[PDB]
There are 2 protein chains.
Amino acid sequence: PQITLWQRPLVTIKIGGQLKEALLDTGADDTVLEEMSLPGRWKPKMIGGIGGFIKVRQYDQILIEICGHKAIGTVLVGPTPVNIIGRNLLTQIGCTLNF
Amino acid sequence: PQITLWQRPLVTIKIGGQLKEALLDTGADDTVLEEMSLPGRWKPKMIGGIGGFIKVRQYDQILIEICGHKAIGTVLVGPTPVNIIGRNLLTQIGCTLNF
Ligand SMILES: O=C(NCc1c(F)cccc1Cl)[C@H](OCc1ccccc1)[C@H](O)[C@@H](O)[C@@H](OCc1ccccc1)C(=O)N[C@H]1c2ccccc2C[C@H]1O
């Protein structure tokens, strides 16, 4: 699909059998979701945004469906203001910027 | 052009006779640039992202040339770690997300 940017590029994602809304964010290197429970062990990671840094939990090889497209990759969990789908997963679904 | 997301989507912009590198950020509602001098009146504003909020100066009706395309819109100036081209201007150059 082709998504314009007159409004936030929010899409529905499915993770852990649950539907959530997330933002397709080309400015985010990684994918970070709001506090939730995921399987396996996690590793620590620090990500920096416009307001500073936050500590998140990194989970690898997580299944996530974005707009019906299945992806399997790294997902960060932490105190993010909104669910963010970053470049690591945008590339998996073949997302590009066009103009 | 068609921009892939393997790397950060950085482009060159021209604002106030100055060339700067900026990130095409679909996750950003507005455009925010590092501290610089811009003509005209401005209003204080607080924007929140990953890490918290930062105070910026809001300038309106600013002209910017993005990768060769002219665009007019609001530009926020403040302590951002990187120059960000947000949706307010991305829409003006006809930028869309595709997959
Ligand atoms: O910060 C953002 N938007 C804030 C904002 C606003 F609310 C109004 C006007 C302008 C802006 Cl930038 C955007 O985030 C979505 C969001 C929407 C609404 C509220 C909070 C977050 C912005 O795109 C955000 O995702 C992005 O900010 C720009 C940037 C880019 C590179 C380095 C520093 C700052 C960002 O923080 N990216 C980092 C990130 C995110 C997740 C995982 C890893 C990493 C590493 C970096 O790449």
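Every chain is numbered from 1, with letters handed out A, B, ... down the list of sequences. Counting starts at 1 for both ligands and their atoms, following the listed order. Just so it is clear, the values below take in all heavy atoms, side chains as well, and ignore hydrogens, waters and symmetry mates.
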With side chains defined as the heavy atoms from C-beta onward, is the minimum distance between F53(B) and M46(B) less than 4.5 Å?
yes

Mind checking whether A28(A) contacts ligand 1 via backbone (N, CA, C, O), side chain (CB onward), both or neither, at a 4.0 Å heavy-atom cut-off?
both

Within ligand 1, which atoms have a heavy atom of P81(A) less than 4.0 Å away?
20 (C)

Report the nearest protein non-hydrogen atom to atom 7 (F) of ligand 1: residue, atom name, distance rounded to 0.1 Å.
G48(B) O, 3.3 Å

Note: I64(A) and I13(A) closest approach over all heavy atoms is CD1-CD1, 3.9 Å

Applying side-chain contact (heavy atoms from CB on, under 4.5 Å), run through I3(B) and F99(A) and close with a yes or a no.
CA-CA 9 Å; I3(B) 302 175; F99(A) 62 98; 3.7 Å; yes

Taking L5(A)'s backbone N and O only, do any of them form a donor-acceptor pair with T91(B)'s side chain (distance below 3.5 Å, no angle check)?
no

Contacting atoms of ligand 1, where contact means under 4.0 angstrom from a heavy atom of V32(A)
41 (C)

Between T31(A) and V75(A), is there a donor-acceptor pair closer than 3.5 Å when you use the side chain of the first and the backbone of the second?
no

Numbered in order shown, the ligand 1 atoms found under 4.0 Å of a heavy atom of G49(A) are 36 (O)

Would you say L24(A) and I66(A) make side-chain contact, with heavy atoms under 4.5 Å?
yes

I need the nearest protein heavy-atom contact for atom 18 (C) of ligand 1: residue, atom name and distance, please.
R8(A) NH2, 3.5 Å

Is there a donor-acceptor pair under 3.5 Å between the side chain of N83(A) and the backbone N or O of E21(A)?
yes

Walk me through it: do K20(B) and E34(B) pass the test salt bridge (charged side-chain N to carboxylate O under 4.0 Å, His left out)?
CA-CA 10 Å; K20(B) 292 177 174 293; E34(B) 56 193 350; 3.5 Å; yes

Under a 4.0 angstrom heavy-atom cut-off, which atoms of ligand 1 come close to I84(A)?
14 (O), 15 (C)

For atom 37 (N) of ligand 1, which protein heavy atom lies nearest, and how many Å away is it?
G27(A) O, 3.0 Å

Counting from 1, what ligand 1 atoms have a heavy atom of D25(A) closer than 4.0 Å?
13 (C), 14 (O), 15 (C), 22 (C), 23 (O), 24 (C), 25 (O)

Where does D30(A) meet ligand 1, judged by heavy-atom distances below 4.0 Å: at the side chain, the backbone, both, or neither?
both

Below 4.0 Å, non-hydrogen atoms only: which portion of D29(A) touches ligand 1? Side chain, backbone, both or neither.
both

So does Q7(A) have more than 12 non-hydrogen atoms from other groups sitting under 6.0 Å from CD?
no

Which ligand 1 atoms does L23(A) reach within 4.0 Å, using its non-hydrogen atoms?
15 (C), 17 (C)

Any nitrogen or oxygen of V82(A), side chain or backbone, less than 3.5 Å from one on ligand 1?
no

